[PDB]
Protein chains: 2
Amino acid sequence: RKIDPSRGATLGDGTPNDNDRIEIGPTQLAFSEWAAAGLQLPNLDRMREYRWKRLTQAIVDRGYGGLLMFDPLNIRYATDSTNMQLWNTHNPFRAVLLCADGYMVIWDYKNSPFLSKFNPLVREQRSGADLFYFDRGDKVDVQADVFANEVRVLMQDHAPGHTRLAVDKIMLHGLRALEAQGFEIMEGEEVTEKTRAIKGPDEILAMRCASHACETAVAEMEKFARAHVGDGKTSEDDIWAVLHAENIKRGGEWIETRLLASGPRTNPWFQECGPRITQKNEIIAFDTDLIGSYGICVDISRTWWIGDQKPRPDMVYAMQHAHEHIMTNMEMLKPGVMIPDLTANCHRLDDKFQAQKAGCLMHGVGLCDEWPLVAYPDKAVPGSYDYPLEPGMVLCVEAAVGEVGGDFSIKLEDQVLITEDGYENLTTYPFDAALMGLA
Amino acid sequence: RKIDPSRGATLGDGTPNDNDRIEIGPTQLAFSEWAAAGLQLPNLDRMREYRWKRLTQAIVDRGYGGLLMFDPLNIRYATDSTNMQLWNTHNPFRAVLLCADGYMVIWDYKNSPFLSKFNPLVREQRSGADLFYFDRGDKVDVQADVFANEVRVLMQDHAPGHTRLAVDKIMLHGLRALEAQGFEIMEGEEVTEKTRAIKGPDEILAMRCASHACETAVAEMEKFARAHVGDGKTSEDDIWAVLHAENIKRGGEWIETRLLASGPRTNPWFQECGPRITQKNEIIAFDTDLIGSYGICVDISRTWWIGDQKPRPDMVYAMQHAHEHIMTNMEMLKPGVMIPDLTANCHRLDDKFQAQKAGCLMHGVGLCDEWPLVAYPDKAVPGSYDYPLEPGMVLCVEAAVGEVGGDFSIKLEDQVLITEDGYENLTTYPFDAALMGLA
Ligand SMILES: [Fe+3]
Ligand SMILES: [Fe+3]
Ligand SMILES: [Fe+3]
Ligand SMILES: [Fe+3]
């Protein structure tokens, strides 16, 4: 029973054309819009092989025996398998071990070993890596030793002679149990972040699709906002709810922040989306921070003016300054540029906007916000990110622009791929004409 | 400028009646529905004080000097302050120290110290507790020592003589830095889970509101499903998206899982909500797993039959058996009953449903799934939860009922309060009359 009657045994991404399959993914709505937009689809099998090969090599390059992952985003990277991702983020029930020979094992939720079976690179599905008080109460320690012994045996068989085990993050009972087994615990995030920083061809294709779906969802939200803002009942939450639904309808997964705000709640930036009733002749600013189709993060920001009056002149200047900030900074991007040189040479925001500027001028992005973080000169730490940009990295380029004690802020941000030659702005979403000083 | 013209300086929960305030919360939509339903609103101030006093007492009772929290759900319990909750769950940028004398400090996101200022119990807003590779690269270790020295000084001043410091979960760099300051690191979750297990009166009021908002959101989803399932395009994701949007519109926060499935995808249970095109004359089953209004978790499950035909007799039996399971198990609940006695005396599912039954027959709930976990007899571990039920505990009571290799499952679950001399089922959502064999 096909989900897409117009295709053969597989969908355009190589997955089975089967309405009843376990595996989820983009909806027919999403696939339809991508085809209309002329987008080439990723091949998921080749994508999954690329990530696994790259992560395996990262382990080998460091002389480690294995990498043990409890962060659901790292688990997603290694296996492309989801399972209650958001519950998993703060309940560590799940683990993946990847050994130096490429052998990969998942410890999954006891009731659902079938969820990663679609990926043959996952060689075993086990259970019992859930080492936290809710799940095991006063008997965490017993299972921690069972689990740590399993990891020892796997490492003995698939990484013999290696005692170095990289771990991204683990509960203290698990840490103690692994150390008891003889492991020297290495920093797993140094491995995962640097590995994930370079996207293969299929990941870039997935991201193009995710970017399109997100921009479409945002367009629905803009449509809702311009039609309903100022009707005396429409709140920030009402507007933001459109983005939630439109993302989910296209096979997206969640939203990381609550960064949509209206009017004076845009300054200081990082106030959260809430019940505030929106008003005519006001700024609405937001940051998608969105985990979208194929599980790819799309992290873009736009600021809107909605009203019958024109925006104030200080608003227009702020918007122009913000847009100038990200376009100038984006021009720095090409392979071989050292991250601290991005910091040293970035566009300078006016004195009045310096106190409230964003936490970085750029950061990586893939399955969520990722390494590197490109700090502004006054916050940058020498020796923290001494590495060059490379083709296949993706960076979001940020501008947060507002005065201390001001009654609005501008937030703009684009998602940019590093190419062989330089860069490609993936983001095609319009900038507000009125705020840009146009008409 | 009031957000509610009909009230004075405060809203019904005692928060400022101010459309432009920083603090978020339930929307006017939610408040209106609750007022119409005759629900008493929580007093947030009294609620926050209750939690803080109880958490401090927990630290004192154990002979600890303090509790350091990086889990966003624990931070929300201690402070009632949110900040990019979902981003926070897998990016540990945030921390709260609560000392034995009740002194409480938050290290927040550098750019947003203002987010917890509404709670005067939070005595200081700092920054620099973000000890992970994305945020600090190769210089995590330097700040980890800065942060650990700060914790030492606070503990010297507010818990003199104490070397025991409970920690829920911390990055390894943080762990080593704290231990280097002379702290003995204790299990923080044992403190937070047992503290959070007893709800004060305002928390229970808050939960009654969240439950009502959730059931309203679910009713919208049921209306959408019964109207649109079987139209040849409506997908699981389309249906589920209604729950997302209606939650956000009422001031809810997120959904923890993807547990909605249609038809044969309901068996085995734990398949994820996806692109599947729904069909007339099929089961749809779901678990809300919802973080709702006031940040209260509402975790209920229902199973629907949608179609012009009657459900099969085995579907009716399974549904009635599931309903019998949770009503029988619920009837065991009262103060003083020992958790392992719930396990020992629980309703027995038929043999053919035993393999695929849920991971527990009950579990606690508050800001999310919480201690205790009441396991079925064949999984229960002696000595893991040797504790009695107490008034103020809230337990979800569930049933997953499906045969190995079967083409459907039933999922039912209600949310139940322990009272002074028994229990009160908080959940009023209907059971499908056709599946119950009543229609
Ligand atoms: Fe962002
Ligand atoms: Fe960003
Ligand atoms: Fe649940
Ligand atoms: Fe549950």
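Every chain here is numbered from 1 following its written sequence, a scheme that can differ from the numbering in the entry; residues without coordinates are not drawn. For naming, the first written chain is A and the first written ligand is 1, with later ones following in the order written. Calculated side-chain values reflect all of the structure's heavy atoms, with hydrogen atoms and water omitted.

The name the PDB entry assigns to chain A is Peptidase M24, from the organism Silicibacter lacuscaerulensis ITI-1157.

## A closer look at the coordination of the iron ion (ligand 3)
Residue and element names in this part refer to chain B. Because water is not among the atoms used, a metal site may look incomplete, as its donors are only the N, O and S atoms within 2.8 Å, or 3.2 Å for Na, K and Ca. The protein atoms donating to the iron ion (ligand 3) are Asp 287 (OD), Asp 289 (OD), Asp 299 (OD) and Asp 299 (OD), with metal-donor distances spanning 2.3 to 2.7 Å. Around the iron ion (ligand 3) sit four donor atoms, and with donor-metal-donor angles ranging over 49 to 135 degrees the site reads as irregular. Read N to C, the donor residues that coordinate the iron ion (ligand 3) are spaced as D-x1-D-x9-D. Taken as an interatomic distance, the gap from the iron ion (ligand 3) to the iron ion (ligand 4) is 2.7 Å; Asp 299 donates to each of them. Remark: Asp 299 occurs in the loop between β11 (297-298) and β12 (301-306) and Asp 289 occurs in the loop between β9 (282-287) and β10 (290-291); sequence separation between them is ten residues. The exposure classification of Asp 289 matches that of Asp 299, with both residues buried. Key to geometry: four donors with every angle between 85 and 135 degrees are tetrahedral; four donors are square planar and six octahedral where opposite donors lie over 155 degrees apart and all remaining angles lie between 65 and 115; all other sites are irregular. For the purposes of this entry, the term helix denotes a DSSP run of H or I that reaches at least four residues, the term strand denotes a run of E that reaches at least two, and both are numbered from the N terminus. Burial classes: relative accessible area under 20% of the type maximum marks a residue as buried, over 50% as exposed, and values in between as partly exposed (1.4 Å probe, protein chains only).

## Section: the interface of chain A and chain B
Should any heavy atoms of two residues lie within 4.5 Å, those residues are counted as being in contact. Counting residues at the interface gives 96 residues for chain A and 96 residues for chain B. The buried area of a pairing is the accessible area, by a 1.4 Å probe, that goes missing from both parts when the two are put together, added over both. When the buried area of chain A at its contact with chain B is split by residue, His 90, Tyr 133 and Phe 134 of chain A rank highest and sum to 11% of it. One salt bridge connects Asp 20 of chain A with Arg 276 of chain B, and the closest N-O pair in it is separated by 2.9 Å. As used in this structure description, the phrase polar contact means that two N or O atoms lie within 3.5 Å; if the pair is within protein, one of them must be able to donate a hydrogen and the other to accept it, and residues adjacent in sequence are counted only when both atoms belong to side chains. At the surface where chain A touches chain B, the tally comes to 47 residue pairs in polar contact. Of all the secondary structure elements, the ones that give two or more residues to the side of chain A that touches chain B are α4 (85-90), α5 (133-136), α7 (172-180), β6 (184-187), α8 (188-196), α10 (236-249), β7 (254-255) and β14 (369-374) of chain A. A total of eight residues in the side of chain A that touches chain B trace back to one element, the largest contributor, which is α10 of chain A. In this count, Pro and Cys sit with the nonpolar residues alongside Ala, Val, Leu, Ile, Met, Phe, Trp and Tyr, while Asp, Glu, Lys and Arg are called charged and the others, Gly among them, polar. Along the lines of polarity and charge, the residues of the side of chain A that touches chain B split into 42 nonpolar, 23 polar and 31 charged. Salt bridge criterion: a side-chain nitrogen from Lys or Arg within 4 Å of a carboxyl oxygen from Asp or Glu.

## Focus on the sheet that holds β10 of chain B
Strand order in the open sheet formed by three strands is β7-β10-β11 (chain B), with antiparallel pairing between adjacent strands. The sheet is open, and its two borders are formed by β7 (254-255) and β11 of chain B, each paired with just one other strand. At least two bridges found by DSSP between two strands is the condition for calling them paired.

## Description of the relation of the copies chain A and chain B
The superposition method for the copies is least squares, with the C-alpha atoms as the fitted set. If you rotate chain A by 180 degrees and push it 0.0 Å along the axis, it lands on chain B with an RMSD of 0.1 Å. Between the two chains, the operation in question is that of a two-fold axis.

## Points about the environment of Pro 372 of chain A
Relative to the helices and strands, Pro 372 of chain A is located in strand β14. According to the relative accessible area criterion, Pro 372 of chain A is buried, its value standing at 1%. Sequence separation between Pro 372 of chain A and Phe 270 of chain A is 102 residues, and the spatial gap between their C-alpha atoms is 21 Å. For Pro 372 of chain A, the residues in contact, after removing those within four places along its chain, are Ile 339, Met 362, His 363, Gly 364, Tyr 385 and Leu 395 of chain A together with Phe 134 of chain B.

## Some details on the domain arrangement of chain A
All names here are of chain A. Annotation of chain A at the domain level lists domain 1 (1-199) and domain 2 (200-439). Note that domain bounds follow an automatic or database assignment of domains. Between the C-alpha centres of domain 1 and domain 2 there is a distance of 30 Å. With 32 residues of domain 1 at the interface, the matching set in domain 2 holds 35 residues. Buried surface at the junction of domain 1 and domain 2, summed over both partners, amounts to about 2900 Å²; 64% is from carbon and sulfur atoms. Inspection of the domain 1/domain 2 interface yields five salt bridges. Linking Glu 370 and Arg 196 is a salt bridge whose minimum nitrogen-to-oxygen distance equals 2.8 Å. Taken together, the links from domain 1 to domain 2 amount to 14 residue pairs in polar contact.

## Brief notes about helix α6 (residues 140-158) of chain A
All names here are of chain A. Over its 19 residues, α6 runs 27 Å from end to end, which matches the ideal 27 Å to within 8%, given 1.5 Å per residue. Looking only at α6, the buried set comprises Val 140, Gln 143, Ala 144, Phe 147, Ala 148, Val 151, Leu 154, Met 155 and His 158. Buried positions in α6, seen along its axis, are confined to an arc of 135 degrees and lie on one side of it. Here the expected length of a helix is defined as 1.5 Å per residue gap, with one fewer gap than residues. What the arc measures is the spread of directions leading from the helix axis to the C-beta atoms.

## Description of the coordination of the iron ion (ligand 1)
Residues and elements named next belong to chain A. All of the protein donors around the iron ion (ligand 1) are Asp 287 (OD), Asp 289 (OD), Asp 299 (OD) and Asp 299 (OD); their distances to the metal are 2.4 to 2.8 Å. Around the iron ion (ligand 1), the four donor atoms sit at angles spanning 50 to 148 degrees, and that spread fits a shape best called irregular. When the donor residues of the iron ion (ligand 1) are listed from N- to C-terminus, their spacing reads D-x1-D-x9-D. The two metals, the iron ion (ligand 1) and the iron ion (ligand 2), are separated by 2.7 Å and share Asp 299 as a common coordinating residue.

## Comments concerning the sheet that holds strand β5 (residues 164-167) of chain B
Residue and element names in this part refer to chain B. Read from one edge to the other, the open sheet built from six strands follows the order β4-β3-β2-β1-β5-β6, with strand pairing classed as mixed. Only two strands of the sheet have a single partner each, and these edge strands are β4 (124-126) and β6 (184-187). Strand-to-strand twist across the sheet, computed as the mean angle between neighbouring axes with direction ignored, equals 25 degrees. Relative to β5, strand β1 (residues 66-69) runs parallel, the two sharing three bridges. Pairing of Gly 66 across the sheet is with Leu 165, part of β5. What counts as an axis is a line fitted to C-alpha atoms, over the stretch in contact for a helix, and the angles between N-to-C directions run from 0 to 180 degrees. Against the sheet, helix α2 (residues 44-61) engages β1, β2 (95-99) and β3 (104-107), with an angle of about 65 degrees to β2. Packed on one face of the sheet, helix α3 (residues 72-79) meets β1, β2 and β3 and runs near 50 degrees to β2.

## Concerning helix α3 (residues 72-79) of chain A
Residue and element names in this part refer to chain A. Within α3, eight of the eight residues are buried, which leaves it mostly tucked inside the rest of the structure. Taken together, the buried positions of α3 are occupied by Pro 72, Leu 73, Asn 74, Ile 75, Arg 76, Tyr 77, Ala 78 and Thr 79. Between the side-chain oxygen of the N-cap and the backbone nitrogen of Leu 73 there are 2.9 Å, and the N-cap of α3 in question is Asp 71. Looking one or two places after α3, you find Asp 80, whose phi comes out positive at around 60 degrees.

## A few points about the pairing of strand β5 (residues 164-167) of chain A
Bridge count between β5 of chain A and β6 of chain A: four bridges; the pairing is parallel. Bridging from a neighbouring strand, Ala 166 of chain A pairs with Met 186 of chain A of β6 of chain A.

## Thoughts on the packing of α2 of chain B against helix α9 (residues 201-228) of chain B
All names here are of chain B. Here α2 crosses α9 at 125 degrees, and the two axes come no closer than 8 Å. In terms of their interaxial angle, α2 and α9 are classed as oblique. The handedness of the crossing between α2 and α9 comes out as left-handed. Touching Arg 46, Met 47, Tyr 50 and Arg 51 of α2 are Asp 202, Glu 203 and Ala 206, all from α9. Considered class by class, the residues forming the contact of α2 with α9 number three nonpolar, no polar and four charged. The scheme is simple: roughly parallel for angles under 35 degrees, roughly antiparallel for over 145, roughly perpendicular for 65 to 115, oblique for anything else. Whether a crossing is left-handed or right-handed is set by the direction in which the near helix is turned from the far one by less than a right angle, anticlockwise for left-handed and clockwise for right-handed.

## Quick notes on the pattern of salt bridges
Taken as a whole and assessed by the stated rule, the structure comprises 76 salt bridges over all chains. With a closest N to O distance of 2.6 Å, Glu 253 of chain B and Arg 76 of chain B form a salt bridge. Here the residue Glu 253 of chain B occupies a position in the loop between α10 (236-249) and β7, and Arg 76 of chain B occupies one in helix α3, the gap between them amounting to 177 residues. Of the two residues, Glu 253 of chain B and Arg 76 of chain B, both sit in the buried class. Connected through shared salt-bridge partners, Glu 23, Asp 45, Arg 48, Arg 51, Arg 76, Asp 80, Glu 203 and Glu 253 of chain A make up one network.

## Description of the environment of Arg 48 of chain A
All names here are of chain A. Tracing the sequence through the fold places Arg 48 in helix α2 (residues 44-61). By relative accessible area, which is 6% here, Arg 48 ends up buried. Sequence separation between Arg 48 and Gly 188 is 140 residues; the distance between their C-alpha atoms is 20 Å. Once residues lying within four places of it in the same chain are set aside, the contact partners of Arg 48 are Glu 23, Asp 80, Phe 118, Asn 119 and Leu 121.

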